[PDB]
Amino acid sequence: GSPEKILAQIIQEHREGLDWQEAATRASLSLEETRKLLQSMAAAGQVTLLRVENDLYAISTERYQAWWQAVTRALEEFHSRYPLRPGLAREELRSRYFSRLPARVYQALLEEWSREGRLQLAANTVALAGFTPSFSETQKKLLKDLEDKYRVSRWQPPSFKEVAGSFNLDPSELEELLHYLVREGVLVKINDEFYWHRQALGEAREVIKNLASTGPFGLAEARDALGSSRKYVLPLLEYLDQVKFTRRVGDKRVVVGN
């Protein structure tokens, strides 16, 4: 039949879809003409075109929709089982549910769904865009007690090991809870050993603004204004240097952020 018909049949004869070249060759159409037909069929809603770099990959819209379904099932499961984690490792999601797809297509697929506002792509993890943690009452209490320990500690936060012992948790478990609290903005990571209650960090910065208001300051001066040991204050200052709140000028620091 006509090129449109021939091409449509070819696309249907490929469950996992096929790329631009394959389609053109099989339809005996030029690359240029194949693109034009693929582009129009896409605008018609009959086909879905994944833009894999400067290459094109065609799949039946029915199949594209089924793929989205495999993702929600995969994420629904991961999210319910690991409420504290941000998402499923990109690779795990790929090998477990999209092993039949070329890696490049899988990537373009995550991109499109991300651009449509369906997924949250952070680091190398994939999460449903509207992912809402569902904790058990025991998990909720631990998050509460955990946040309170840091809140009460103010500018003398307990170390990772200390908290680990107190609540008697394994390193793996505590890191997961703390990282979740960091994402919710309850805590801020100063370094691998120290996390600070966000509100406490805000007050500490105000202390630092007041300290700096009369001239550059050294570690010893920050130590006294915060009434906290250098053990907690140096890591704080290096963290503040990093987010550009403070700035080292010589052997002292000035405040260069709000």
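In this text, residue numbers run from 1 along the sequence as written.
> Got a sec? Mean C-alpha B-factor, which is higher, 52 to 60 or 208 to 216?
It is 52 to 60 that shows the higher mean C-alpha B-factor.
> Test of understanding: from the entry's C-alpha B-factors, which stretch has the higher mean, 229 to 237 or 32 to 40?
Higher mean C-alpha B-factor: 32 to 40.
> Per the coordinate record, which of the options 27, 200, 222, 66 holds the highest CA temperature factor?
Of 27, 200, 222, 66, 27 has the highest C-alpha B-factor.
> Among the candidates 155, 106, 180, 167, give the one with the maximum CA B-factor reported in the record.
If I rank 155, 106, 180, 167 by C-alpha B-factor, first place goes to 167.
> Using the temperature factors of the C-alpha atoms in this entry, rank residue 118 within its chain: lowest, middle or highest third.
Lowest third - that is where residue 118 ends up once the chain's C-alpha B-factors are sorted.
> Using the temperature factors of the C-alpha atoms in this entry, rank residue 253 within its chain: lowest, middle or highest third.
Lowest third of the chain for residue 253's C-alpha B-factor.
> Compared with the other modelled residues in the chain, in which third is the CA B-factor of residue 242?
As the PDB entry reports it, the C-alpha B-factor of residue 242 lands in the middle third of its chain.
> Could you say whether, by C-alpha temperature factor, residue 88 belongs to the lowest, middle or highest third of its chain?
For residue 88, whose C-alpha B-factor we compare with every modelled residue in the chain, the answer is the middle third.
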